[PDB]
Amino acid sequence: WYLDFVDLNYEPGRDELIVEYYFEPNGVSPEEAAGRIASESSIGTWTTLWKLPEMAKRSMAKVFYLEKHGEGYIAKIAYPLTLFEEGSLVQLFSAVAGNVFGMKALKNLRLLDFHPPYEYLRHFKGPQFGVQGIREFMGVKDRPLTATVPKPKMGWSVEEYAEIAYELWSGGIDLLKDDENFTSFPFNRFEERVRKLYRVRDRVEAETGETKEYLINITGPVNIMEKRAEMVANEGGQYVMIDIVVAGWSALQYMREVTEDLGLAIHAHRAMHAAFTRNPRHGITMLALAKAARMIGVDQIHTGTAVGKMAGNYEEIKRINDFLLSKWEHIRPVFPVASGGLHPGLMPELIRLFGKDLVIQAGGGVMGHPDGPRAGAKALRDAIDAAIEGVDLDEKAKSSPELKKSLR
Amino acid sequence: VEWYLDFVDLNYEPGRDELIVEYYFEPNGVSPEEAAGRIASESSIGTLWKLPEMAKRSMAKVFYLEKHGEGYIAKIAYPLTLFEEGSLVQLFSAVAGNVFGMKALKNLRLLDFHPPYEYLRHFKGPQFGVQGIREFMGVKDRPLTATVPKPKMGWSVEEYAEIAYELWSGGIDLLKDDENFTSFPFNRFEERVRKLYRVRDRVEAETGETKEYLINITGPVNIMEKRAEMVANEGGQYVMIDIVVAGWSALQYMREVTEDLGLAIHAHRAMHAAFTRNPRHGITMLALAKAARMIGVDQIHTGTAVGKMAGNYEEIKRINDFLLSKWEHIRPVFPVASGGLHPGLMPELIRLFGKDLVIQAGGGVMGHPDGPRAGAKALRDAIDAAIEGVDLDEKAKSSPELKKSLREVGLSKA
Amino acid sequence: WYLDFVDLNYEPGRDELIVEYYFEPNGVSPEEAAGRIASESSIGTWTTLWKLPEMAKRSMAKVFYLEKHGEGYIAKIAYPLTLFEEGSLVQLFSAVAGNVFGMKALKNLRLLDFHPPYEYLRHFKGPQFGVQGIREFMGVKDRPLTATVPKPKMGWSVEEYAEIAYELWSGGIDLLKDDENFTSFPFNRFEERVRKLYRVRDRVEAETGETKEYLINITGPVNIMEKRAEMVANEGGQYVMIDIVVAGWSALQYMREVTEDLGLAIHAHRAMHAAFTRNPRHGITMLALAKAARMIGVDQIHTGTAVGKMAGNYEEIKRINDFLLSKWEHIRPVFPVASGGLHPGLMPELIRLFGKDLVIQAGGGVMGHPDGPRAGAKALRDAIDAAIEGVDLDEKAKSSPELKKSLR
């Protein structure tokens, strides 16, 4: 039966969903392995007896491309839309990213990418704001945005958090960002944080004439996340942060509706992703993850950077960033968020390689500045201004004491 | 102009994900090809500033154009980018809107449409259909029977209850309100619902047979919803809506309501003939029945082959065939036959149109010489006879009520 | 029995509803045909046995006028109010415009007009705003209002729609108008359109000191239409557009209550009407449609124009326009909306023939202006100013470059 699912001359219609897998077979032929992925991700097996169901035949997936690739194989598989509950990314992932990973006839299986047809994709809204909508409400037309996570990442009282925030925002940071694990604690309850931090936010706005925002972490059981998002909207926030991998796709799809009602942008933290995106032979790629997140509609998502302290291989990151920012029917582009050991001196290189449409998360460089967080923020903003203006950092530094000290 | 000809390409092969509409038309002062492109244009993107990418992609295409009688038939392909999926209202605004008013046509008739799978899948179709209705009614094989009281207006709730008792007791399956009969100071809907389902339950207890009520909930939508809620609360399994007068927007919403409440929909088609009757202009009954079946009415009036209604056999059969055909996940709909039907016509009716019908024969039944109960019995008897292949004159020997109906009809003709 | 319904000497009371029909009999006498319309639209048939119902006799319709008219006949029929559920235009149309159209004893049947008595009409509110209420909230006291539908009529993104809108409004258009088929699409969702277009609206108001509005198309299944109307009211809109024939009378009556609660005027698009108003022998007239729409209470409705590109016979259109604008107890007058190939050069004639109480929809002329939509709007506003002021277009054109170019 597994071979009924393999037709290397099949030409998929524009209304079929395509998934690309890498795999290594275990004691079976490449074709049998491929067929097995297709059957398991579609109708399973049958032509014996007791009534074949009427839509089974029309719902068969088909392997239409199979080629050797290094130590394994790449297959592309076409899925008729009769297999799917439209609007449920959850059910899509149960089909194409479910039981297939555990099959003993494969040593390894990686979902590399997928391509939803227009009739699947039209039932997703994508980002509510995207790059352009964020740039509008932030009032930042050309340069990348800046973000900072306080260090240490845990243990502040609300008052202590408010003071750091005041300093970061005042020095030039656009977005305060909670750490992925920083949700709500006895010494820093979410409700008290929301009531205080947005007062400090509004004060800095009045004093500087620059828009400031807060990537506040609403991550929790979904009912709690919804209540936290309502609190944020009620205080005048326009962003919520969600750890999307830990929270999961069912909650994210629902929160996308909540954020639509409340006018909130979503910053997606991708903590836990490496558990299945890191292994080059087995799991789901960051690309496929980013695609699903963009389709549902996160407005910004972490992708990594190119340095040594973050390391980060250039081709993979570039590829994801390019996808996030590409035209894709009605789905608004998503800001890549660059983080990892970033600091003012790396800004020209970051921006040469990755463009101006970025959220630059540079908490280390900012917090660890010898004159304090406010000075570190200033320094970062100055390195970005110089990168965009084509000005050498050492030249800028002669008119920016804060940047000067950072480059030492 | 040459712009309108950009919408015409008679070698185009439409993909399986495009919606097709078939029109008859007669041009008025332009060529046939220019008329057809005008139709395609006006029902898609219409006609300095940057022509958006989506507009180019969303152009309809005339891919078939042949002469037909005194005019022409065109088939036009519509990408689904033109449509708000789930909204039959919006589809009809595009393909059945301003297009009828076009000065470049003398006449335009929407003949039929074919939604692709990706459009159709966002409609549920009938909640019950033929098989759902036969299950809740407990009637496995024969046609169902319905009767609208005569006269059609003016009854108190008590008088209506008494007629209903007789009709159901005599064997009618479905009491039917007239299309004009909603709620009046002398017969308020709330009172009628609270009384008639007690009568219904009484008749079920006495006969062992299931009885139902095609009760007319037609009104402003908020009123129809409230009336549907009252029917469900009294144990009713059907509501009747005059779907042409009420309209598509209300009907789509009411199909959600009846999903929640577990109610079947009987669609009365009053006013349809204002646009379905003219063979050169309007919307065919076929196209209308298709839209109603997609949304999901469970029974709909189509017409009969009778003395009184000498309706076209071939058009009626085409509609009934469509209603009963397999159509993906969309359940089949019962055709409702009516128009001057009496017991003597049951064998011809069933021979020509089959057993999957609701037969509304109010006139024969109400006009029986021994009263409505006897008319109901006579109708049921003629139907059993037709199904078992027994001559009506043979059946009449064991059924005095049928005997009398057959005799009196014979005494009523020249 | 059909003859019991004919009394050519009957004088209807002021409390009876009168309907006027055109018909052609098919094998029966004019009187029998007329009687058949009356019976079918009232009590049907009966005097045999099994209890005549108590209110049947008092609910009989009566043909009281029958005269030859060309190739057929006109009948007027009086209906006692016992036949009707008061406040339900739906039930009125089921009686008088229902099964009568399909009767085989008539070759043709047209409902020409109806006349509700005060005790029927008092249960309808008519337009919430009408001509005077619109003129008040638009701040436009004498001249006709202007409207424009973007071309092409479909396929814009929200951002592209907002830019056209900015230009139209800025040049002088009063009302942006969505096309009848332009509701909500993946590339232009209603909720995102509402949130953006009213921001651009408020900006143009601030910059020009002129009120601007949006005939935004809420047409859909009724629950969806209600949610869309709430969205519009919430953003500060005062108008919604409904395709009333496609949506239908049940939804319209309900929406009239929704718009009452929300303070919204209704613009009625009449798409699909020609399916039954166009045939001179059979259907319902535009007059009767306009009457029902006015009674429920649309504030503006399309009637057509007098040119060549719209063609439009003058007597019929004038007659409807006159009715819409006439005193009619408590029912406010309704703006006729003139559309069809209109452009600045036709304004003096349009206004001579049809008056200043019009909404002039002139999308072709405006969008197709050689200097752009903004210039086209300006040109239209200038042709209207000149028409009202008694000024020759070629004279105006010497102080209006935009109009000058349009007249070429």
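Any read-out appearing in this document is the output of simple, stated calculations on the displayed coordinates, not a laboratory observation. Cβ coordinates were reconstructed from backbone atoms using ideal geometry, including for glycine residues, and neighbour counts include every protein chain displayed.
Listing for the model above:
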quantity: Percent RCO, i.e. relative contact order, over the range B:124-409, from Cα pairs under 8 Å lying at least 6 residues apart; calculated: 22
quantity: Residues of the range A:147-170 with amide N under 16 Å of a point placed 7 Å along Cα→Cβ from A:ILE388; calculated: A:147
quantity: Cα gyration tensor category, rounded, prolate or oblate, for the range B:28-133 with a/c compared to 1.5; calculated: oblate
quantity: Highest average packing first - C:69-82, C:94-107, Cβ atoms within 10 Å; calculated: C:94-107, C:69-82
quantity: Average beta-carbon neighbours from other chains, 10 Å sphere, peptide A:114-125; calculated: 3
quantity: Between helix A:249-262 and chain A: long-axis angle, C-alpha atoms, 0 to 90°, nearest 10; calculated: 50
quantity: For a label point 7 Å along the Cα-to-beta-carbon line of A:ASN279, residues of the range A:8-49 with backbone N under 15 Å; calculated: A:22-26
quantity: Gyration tensor verdict on the range A:205-323 (Cα atoms; rounded if a/c is under 1.5, prolate if a/b is larger than b/c, oblate otherwise); calculated: oblate
quantity: Within a Gaussian network of chain A (alpha carbon springs, distance under 10 Å), most fluctuating of A:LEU111, A:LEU353, A:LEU66; calculated: A:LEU353
quantity: Spin-label pair A:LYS153/B:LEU10, simplified geometry with 7 Å Cα→Cβ offset, distance in nm; calculated: 7.0
quantity: Share, in percent, of DSSP beta bridges within the protein assembly as shown that are antiparallel, nearest 5; calculated: 50
quantity: FRET efficiency, 1/(1 + (r/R0)^6) with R0 45 Å, evaluated for A:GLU192 and B:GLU70 via beta carbons; calculated: 0.05
quantity: Where trypsin sites (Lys or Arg not before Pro) fall in DSSP loop in the range B:129-203, at most 16 other Cβ within 10 Å; calculated: B:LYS140, B:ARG188
quantity: Test item: B:275-286 mean partner chain Cβ contacts at 10 Å; calculated: 4
quantity: The range B:323-363 and the range B:57-80: distance between their alpha carbon centers, rounded to Å; calculated: 33
quantity: Segments A:246-258, B:387-399 sorted - mean Cβ within 10 Å per residue, highest first; calculated: A:246-258, B:387-399
quantity: Dimensionless Rg over Rh [the protein assembly as shown; C-alpha; Kirkwood]; calculated: 1.02
quantity: Average partner coverage of B:368-375, which counts Cβ from other chains inside 10 Å; calculated: 2
quantity: Efficiency of FRET between A:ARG319 and A:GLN91 - r from beta-carbon atoms, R0 30 angstrom, step 0.05; calculated: 0.65
quantity: Separation of the B:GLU162 and C:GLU32 label points, Cα + 7 Å toward Cβ, nm; calculated: 3.4
quantity: Residues of the range A:175-204 with amide N under 17 Å of a point placed 7 Å along Cα→Cβ from A:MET272; calculated: A:179-184
quantity: For the range A:277-298 and the range C:202-271, distance of Cα centres in Å; calculated: 42
quantity: Relative packing of peptides C:299-312, A:219-232 - highest average C-beta neighbours within 10 Å first; calculated: C:299-312, A:219-232
